[PDB]
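Below you'll find the structure, written out as structure tokens, and then a few comments.
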Amino acid sequence: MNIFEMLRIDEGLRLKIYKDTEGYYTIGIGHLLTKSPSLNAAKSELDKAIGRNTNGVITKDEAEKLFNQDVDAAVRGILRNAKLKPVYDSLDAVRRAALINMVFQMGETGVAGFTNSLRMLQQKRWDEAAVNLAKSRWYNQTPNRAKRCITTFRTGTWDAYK
Ligand SMILES: [Cl-]
Ligand SMILES: [Cl-]
């Protein structure tokens, strides 16, 4: 298991524009296109992202390419963020994956806001952080995915994904 496989399980793969759990236009492997309520606006963001007139449909290769870019950006965002970096540096490889997953789903800003949980992870208080992470809109809105990520931070293994 690795970050790519992990996220492919959590996000799935769709080659036509779809709406995510929050109702936002998305495509591929969880690639958010726009928060705007307009399909046209989504189609336009899509074309600009792919570099061709797509008509809301992409190939598997194109989906994976957006995916590689998105994981790279998530890592880079973590490394550039003053609150996230130190946490990431302190963690083992498996738990780092869980932090990347959260950033991919919610953005750097979103994750950076889990101040208390972050401090707990940095201190390696696994059970405490898992409880704190669960007291969030994130857990309440997407509980199964949240539980998978939390179990990962709690155990340091891939058990939730196997
Ligand atoms: Cl893009
Ligand atoms: Cl979920």
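Per the header: X-ray crystallography, 1.7 Å.
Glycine is treated like the rest: Cβ placed from N, Cα and C.
What Swiss-Prot annotates here:
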type     : residues              : note
ACT_SITE : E11                   : active site, proton donor/acceptor
ACT_SITE : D20                   : active site, proton donor/acceptor
BINDING  : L32, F104, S117, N132 : substrate binding site
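Here the features listed in Swiss-Prot are placed on the structure.
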{"residue": "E11", "record": "active site, proton donor/acceptor", "DSSP class": "helix"}
{"residue": "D20", "record": "active site, proton donor/acceptor", "DSSP class": "coil"}
{"residue": "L32", "record": "substrate binding site", "DSSP class": "strand"}
{"residue": "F104", "record": "substrate binding site", "DSSP class": "helix"}
{"residue": "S117", "record": "substrate binding site", "DSSP class": "helix"}
{"residue": "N132", "record": "substrate binding site", "DSSP class": "helix"}
(request) Could you tally the C-beta atoms, other than its own, that fall within 10 angstroms of the C-beta of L32 (substrate binding site)? (result) 18
(message) What does the structure give for the C-alpha distance between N132 (substrate binding site) and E11 (active site, proton donor/acceptor)? Integer Å is fine.
(response) 24
(message) Fewest other C-beta atoms within 10 angstroms of its own C-beta: which of the binding-site residues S117, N132 fits that?
(response) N132
(message) Highest Cβ count within 10 Å among the active-site residues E11, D20: which residue is it?
(response) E11
(message) Between the Cα atoms of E11 (active site, proton donor/acceptor) and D20 (active site, proton donor/acceptor), what distance do you get, rounded to the nearest Å?
(response) 9
(request) Take the C-alpha atoms of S117 (substrate binding site) and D20 (active site, proton donor/acceptor) and report the distance between them in angstrom, rounded. (result) 26
